[PDB]
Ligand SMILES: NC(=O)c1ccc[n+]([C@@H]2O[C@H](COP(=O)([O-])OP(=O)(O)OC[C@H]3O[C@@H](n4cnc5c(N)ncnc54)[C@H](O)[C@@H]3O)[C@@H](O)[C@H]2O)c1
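This document starts with one chain, in the form deposited without the named molecule, laid out as structure tokens.
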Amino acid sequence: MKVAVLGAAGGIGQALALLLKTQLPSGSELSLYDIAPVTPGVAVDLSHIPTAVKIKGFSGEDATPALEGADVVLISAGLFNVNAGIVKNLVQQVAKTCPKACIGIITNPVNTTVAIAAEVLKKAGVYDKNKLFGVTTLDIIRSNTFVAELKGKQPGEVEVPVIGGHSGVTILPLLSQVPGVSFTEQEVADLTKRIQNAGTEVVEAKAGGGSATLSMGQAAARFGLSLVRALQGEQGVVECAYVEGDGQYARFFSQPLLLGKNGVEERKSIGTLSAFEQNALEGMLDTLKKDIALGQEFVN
């Protein structure tokens, strides 16, 4: 089982690679790619950690040697103006070298870059909707932290389902479905708005000198490890991710997914929604649809 990290020299990629090197199952392989010439040294650095995970790093313009035999590709390289071209270039190389891998797009804006990725893989004739994921786990683990903080629970024991998209008002935490926890509607409103704007807390506290790299690395690592477990035959693995489903709300939509050996095994129902959640769901479908079309038209 091989995991390739495209964008491994950035802050997100390095934290992701550090977590994968120490937590991937024994016998796994990790390949790091980025443009920067330091990337081979990041792998050598990590290769000194005594886990049964083989790691190698590659630099330059060609990601092929890092992608050969890859089962999972995580793309954290790279707002729309800059990352759209980066995503298309890397997904094109994925479509030529490991077209059957599961692809997790971390590069933002996820709502749009997943649509770009889908259309690029379509042009190569290898697009598989069961294998393309927008990684939205950062909204989930932030929700877990904020809910446990407000309710005095252990943060490890709180799991909040989060649906919709990965930006602004498209992020919908289903607080009504957190077992053993009840909220007032003012708690729901303030908690939902904090989750939807959590990124701004980081950049403001960084004096504008950066963004959320370590927690995003942890989020991507959680989704990546869940994927690897499911691909290796583990049962009951459920994660929310931004995928092309039945299009009931939008072409791409984040929802609980049962993962399997093929990627998506079943797209689970979002369940019963509260009045607040149903309102917030229908009230953001248009801005989500425009995010998708922005990505489609860039390729088409």
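Residue numbers here begin at 1 and follow the sequence given.
Keep in mind that the form deposited with the named molecule bound is not shown, yet the notes after this line are about it.
Taken together, the three residues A9, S76 and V135 all come within 4.5 Å of the named molecule in the entry with it bound, as judged by their closest heavy atom. Put simply, of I86, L150, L225, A95 only one has a heavy atom within 4.5 Å of the named molecule in the entry with it bound, and it is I86. Only one of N108, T170, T192, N144 lies close to the named molecule in the entry with it bound, with a heavy atom inside 4.5 Å, and it is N108.
With the named molecule omitted here, the record of contacts in the entry with it bound names 29-37 of 238-246, 29-37, 260-268, 47-55, defined by a heavy atom within 4.5 Å. In the entry with it bound, at least one heavy atom of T213 sits within 4.5 Å of the named molecule. In the entry with it bound, the named molecule sits within 4.5 Å of a heavy atom of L90. In the entry with it bound, the named molecule lies within 4.5 angstroms of a heavy atom of only one residue of 150-188, namely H166.
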